[PDB]
$ cat query22.csv   # CSV, C-alpha atoms
chain,number,residue,atom,x,y,z
S,554,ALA,CA,-29.2,38.6,-8.2
S,555,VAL,CA,-30.9,41.7,-6.8
S,556,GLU,CA,-34.5,42.5,-6.1
S,557,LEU,CA,-36.5,45.2,-7.8
S,558,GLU,CA,-36.9,47.6,-4.9
S,559,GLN,CA,-33.2,47.7,-4.2
S,560,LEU,CA,-32.4,48.4,-7.8
S,561,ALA,CA,-35.0,51.1,-8.0
S,562,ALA,CA,-33.7,52.8,-4.9
S,563,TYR,CA,-30.2,52.6,-6.3
S,564,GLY,CA,-31.1,54.1,-9.6
S,565,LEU,CA,-33.3,56.9,-8.2
S,566,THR,CA,-30.6,58.4,-6.0
S,567,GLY,CA,-28.0,58.2,-8.7
S,568,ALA,CA,-25.5,56.1,-6.7
S,569,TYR,CA,-22.1,55.2,-8.0
S,570,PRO,CA,-19.3,53.0,-6.5
S,571,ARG,CA,-16.6,54.8,-4.6
S,572,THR,CA,-13.2,53.8,-3.2
S,573,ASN,CA,-10.3,55.1,-1.1
S,574,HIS,CA,-7.6,52.7,-2.2
S,575,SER,CA,-4.9,53.2,-4.8
S,576,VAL,CA,-4.2,51.4,-8.0
S,577,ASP,CA,-1.0,49.6,-6.7
S,578,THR,CA,-2.8,47.7,-3.9
S,579,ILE,CA,-5.2,46.1,-6.4
S,580,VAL,CA,-2.4,45.0,-8.7
S,581,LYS,CA,-0.4,43.8,-5.8
S,582,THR,CA,-3.3,41.6,-4.8
S,583,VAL,CA,-3.7,40.3,-8.3
S,584,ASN,CA,0.1,39.5,-8.4
S,585,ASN,CA,-0.4,37.6,-5.1
S,586,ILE,CA,-3.1,35.5,-6.7
S,587,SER,CA,-0.9,34.8,-9.7
S,588,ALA,CA,2.0,33.9,-7.4
S,589,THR,CA,-0.1,31.4,-5.5
S,590,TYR,CA,-1.2,29.7,-8.7
S,591,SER,CA,2.4,29.6,-10.0
S,592,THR,CA,3.6,28.1,-6.7
S,593,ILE,CA,0.9,25.3,-6.8
S,594,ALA,CA,1.7,24.7,-10.5
S,595,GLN,CA,5.4,24.4,-9.8
S,596,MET,CA,4.9,22.0,-7.0
S,597,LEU,CA,2.6,19.8,-9.1
S,598,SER,CA,5.1,19.9,-12.0
S,599,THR,CA,8.0,18.9,-9.7
S,600,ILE,CA,6.2,16.2,-7.7
S,601,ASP,CA,2.9,15.0,-9.2
S,602,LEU,CA,3.3,15.3,-13.0
S,603,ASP,CA,3.2,11.7,-14.2
M,52,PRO,CA,6.6,30.6,-7.6
M,53,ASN,CA,7.7,30.4,-4.0
M,54,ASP,CA,10.6,28.0,-3.9
M,55,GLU,CA,10.2,27.3,-0.2
M,56,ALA,CA,6.8,25.5,-0.6
M,57,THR,CA,8.2,23.0,-3.2
M,58,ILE,CA,11.0,22.0,-0.8
M,59,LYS,CA,8.5,21.4,2.1
M,60,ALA,CA,6.2,19.4,-0.1
M,61,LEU,CA,9.0,17.2,-1.4
M,62,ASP,CA,10.3,16.7,2.2
M,63,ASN,CA,6.8,15.7,3.4
M,64,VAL,CA,6.2,13.3,0.5
M,65,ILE,CA,9.6,11.7,1.1
M,66,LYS,CA,8.9,11.3,4.8
M,67,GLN,CA,5.5,9.7,4.0
M,68,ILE,CA,7.2,7.2,1.6
M,69,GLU,CA,9.9,6.4,4.1
M,70,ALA,CA,7.4,5.8,6.9
M,71,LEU,CA,5.3,3.6,4.7
M,72,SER,CA,8.4,1.5,3.8
M,73,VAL,CA,9.3,0.5,7.3
M,74,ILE,CA,6.1,-1.3,8.4
M,75,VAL,CA,6.7,-5.0,8.8
M,76,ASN,CA,4.2,-7.9,8.9
M,77,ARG,CA,5.1,-10.5,11.5
M,78,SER,CA,2.6,-12.8,13.4
M,79,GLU,CA,3.5,-15.3,16.1
M,80,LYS,CA,0.2,-17.1,16.6
M,81,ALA,CA,0.0,-20.4,18.5
M,82,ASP,CA,-1.2,-23.7,17.2
M,83,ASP,CA,-4.7,-25.3,17.5
M,84,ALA,CA,-3.2,-28.6,18.8
M,85,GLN,CA,-4.3,-29.4,22.4
M,86,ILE,CA,-1.8,-30.6,25.0
M,87,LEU,CA,-3.1,-34.0,26.3
M,88,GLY,CA,-2.8,-35.3,29.9
M,89,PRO,CA,-2.7,-38.8,31.5
M,90,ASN,CA,-5.9,-40.8,32.3
M,91,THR,CA,-6.7,-44.2,33.9
M,92,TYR,CA,-9.4,-46.6,32.8
M,93,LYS,CA,-12.0,-47.0,35.7
M,94,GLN,CA,-13.6,-50.3,36.8
M,95,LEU,CA,-17.4,-50.9,36.5
M,96,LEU,CA,-18.9,-53.0,39.4
M,97,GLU,CA,-19.2,-56.8,38.8
M,98,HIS,CA,-20.6,-59.8,40.7
M,99,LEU,CA,-19.0,-63.3,40.5
M,100,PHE,CA,-20.5,-66.5,42.0
M,101,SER,CA,-19.8,-70.3,41.5

$ encode --input "query22.csv" --output "structure tokens"
Amino acid sequence: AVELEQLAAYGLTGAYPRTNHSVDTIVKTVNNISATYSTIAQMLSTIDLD
Amino acid sequence: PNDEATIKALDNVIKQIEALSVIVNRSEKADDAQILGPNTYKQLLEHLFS
């Protein structure tokens, strides 16, 4: 959700997203998320799966 | 998966189960019977004439 004035100001000045990080940091973060999910799934499978 | 979280979870659940299995139920209540003591019948006043 965004209001009309903010969107108009964004579009008038021709803004675009910009970043200073590299590709590998993002994929490392995604791998961390997947690892957390895998850890929880393994714990549930070895303790709670009944 | 991180293998060190599963070990900790298993140890924690085992400790919980072991703790739950030691609680004992023992009550040493008294009885509702009342200890009785000695008593002596008392004499009401009387008048005797012939």

$ closest_atom_pairs --input "query22.csv" --of "chain M" --to "region 585-589 of chain S" --cutoff "12 Å" --atoms "only C-alpha atoms" --output "tab-separated table"
residue	atom	partner	partner_atom	distance
M:52	CA	S:588	CA	5.7
M:53	CA	S:588	CA	7.5
M:54	CA	S:588	CA	11.0
M:56	CA	S:589	CA	10.3

$ atom_distance --input "query22.csv" --atom1 "CA of residue 578 (chain S)" --atom2 "CA of residue 595 (chain S)"
25.4 Å

$ atom_distance --input "query22.csv" --atom1 "CA of residue 58 (chain M)" --atom2 "CA of residue 591 (chain S)"
14.7 Å

$ closest_residue --input "query22.csv" --among "S:569, S:579, S:593, S:562" --to "chain M" --atoms "all atoms listed in the file"
S:593

$ atom_distance --input "query22.csv" --atom1 "CA of residue 602 (chain S)" --atom2 "CA of residue 65 (chain M)"
15.9 Å

$ residues_around --input "query22.csv" --residues "residue 601 (chain S)" --least-positions-apart "5" --cutoff "12 Å" --atoms "all atoms listed in the file" --output "number ranges by chain"
S: 593-596; M: 57, 60-61, 64
